[PDB]
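A single chain, nothing else alongside it, follows as structure tokens in the form deposited in one PDB entry.
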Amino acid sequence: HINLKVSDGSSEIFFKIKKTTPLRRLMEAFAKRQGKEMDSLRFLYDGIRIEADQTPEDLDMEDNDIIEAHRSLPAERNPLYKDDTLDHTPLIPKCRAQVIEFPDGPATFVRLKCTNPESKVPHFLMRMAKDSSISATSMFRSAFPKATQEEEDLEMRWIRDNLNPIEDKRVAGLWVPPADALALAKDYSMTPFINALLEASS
């Protein structure tokens, strides 16, 4: 038996389980005390997403080790974002400004193309020049090409509840201010890309 600390950044709960019990018991223990479902969360240990069937003996967990609790995100992330520490500077000249004519007048956007490993159609990270708002939908679909519509609808519901959503029927998707866009970049491991999209000329 060992003591384990589980924290979601706001609340820390300490547990005690034997090294042969599944960590789902410790996952359901923390999730129940947050008022959330176990599937609604994912747990990290040294940056490794813990699966339910794994045990403290399966990993090399010692006493007082911390298990980070985060909300669930799709499993297959875009291999382009396997490194959140890449220098953002060479990505800025790849950003392009583009004018789009709307029923109420033209508007300027800034686009950054990102390789989609699942489709031949080009995918772009988009930024509106007027308010520097960034589409959270284009960020999510870029980082998780194999995501289901339910997995997206739950994420956008989380954006509206925890961030500052901006939705307009004239422009598709869910849009967030630059501060929220850099927070999503941390979850999606897209920091160098969003950092360059915000610093690009409009």
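Counting begins at 1, following the sequence as shown.
In this entry, 47-55 shows the higher mean Cα temperature factor of the pair 153-161 and 47-55. Taking the PDB entry as given, 20-28 carries the higher mean Cα B factor of the two stretches 20-28 and 7-15. Of the candidates 148, 133, 137, 40, it is 40 whose Cα B-factor is highest according to the PDB record. In the deposited entry, the Cα temperature factor of residue 122 places it in the highest third of its chain's modelled residues. Split the chain's modelled residues into thirds by C-alpha temperature factor. Residue 170 is in the highest one.
Ranked by C-alpha B-factor against the other modelled residues of its chain, residue 197 falls in the lowest third. In the deposited entry, the Cα temperature factor of residue 61 places it in the highest third of its chain's modelled residues.
Annotation for residue 33: C-alpha temperature factor in the middle third relative to the rest of the modelled chain, per the entry.
Separately, the form deposited in another entry exists; it is not shown, and the next lines address it.
Under a division of the chain into two rigid parts between this form and the one not shown, the C-alpha atoms of residue 5 and residue 57 are best fitted by the same superposition and thus share a part. Relative to this form, in the other entry the C-alpha atoms of residue 144 and residue 24 separate from one another by 3 angstroms or more. Compared with the form shown here, the C-alpha atoms of residue 121 and residue 143 sit at least 3 Å closer together in the other entry.
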